[PDB]
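The chain below stands alone and is given in structure tokens; this is the form deposited without this ligand.
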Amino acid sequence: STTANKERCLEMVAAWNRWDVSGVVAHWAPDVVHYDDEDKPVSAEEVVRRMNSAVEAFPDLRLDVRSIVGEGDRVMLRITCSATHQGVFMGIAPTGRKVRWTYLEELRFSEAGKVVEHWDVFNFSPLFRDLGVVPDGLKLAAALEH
């Protein structure tokens, strides 16, 4: 149901919060499709690579569910992210800075309750309010997205 679907989404966020990427991936159908913010398919390979890099880059990554609504087979979330940049992120040498952004997710679920479709949207206001529009903000924003 919708209720189970929402709880599944909280479980994936719980897995992110322990820095456990395969705990997240365990919720995907094996034929899951991942999309851009603009509905273009992104390879599973690249999605996982980005997730791994985030875990290595951000030892204290925290995902704060700010809102969550479900209907039928779909769920959407608004999540505030924060972290200290202490490991390499997508080739970017660690800066030591406190970084924040807003991360927006739409998931569609199969009757069996596995993710069949996933869309990522980012809002980077919090990143540039802080880091104040520096080269660092630009490079990090560009590496967090497809």
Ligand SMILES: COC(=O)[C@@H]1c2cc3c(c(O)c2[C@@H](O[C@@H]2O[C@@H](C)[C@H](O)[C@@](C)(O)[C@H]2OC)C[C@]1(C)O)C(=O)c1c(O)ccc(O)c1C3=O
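Rigid core: the largest C-alpha set superposing within 1.5 Å between the two forms. Counting begins at 1, following the sequence as shown.
Below, we refer to the form solved in complex with this ligand, which is not included among the displayed structures.
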Residue 99, heavy atom within 4.5 angstroms of this ligand in the deposited complex: no
Does residue 50 reach this ligand in the deposited complex, with heavy atoms at most 4.5 Å apart? yes
Since only the chain is shown here, I'm wondering whether residue 128 would be in contact with this ligand in the deposited complex (any heavy atom pair within 4.5 Å). no
Test of understanding: in the deposited complex, would residue 12 fall inside 4.5 Å of this ligand by heavy atoms? yes
Scan 15-32 and write down, in order along the chain, each residue with a heavy atom lying within 4.5 Å of this ligand in the deposited complex. 16, 24, 28
Superposing on the rigid core between this form and the one not shown, the only one of 48, 90, 68, 104 with a Cα displacement of 2 Å or more is 90
On a core-based superposition, does residue 16 travel 2 Å or more at its Cα between this form and the one not shown? no
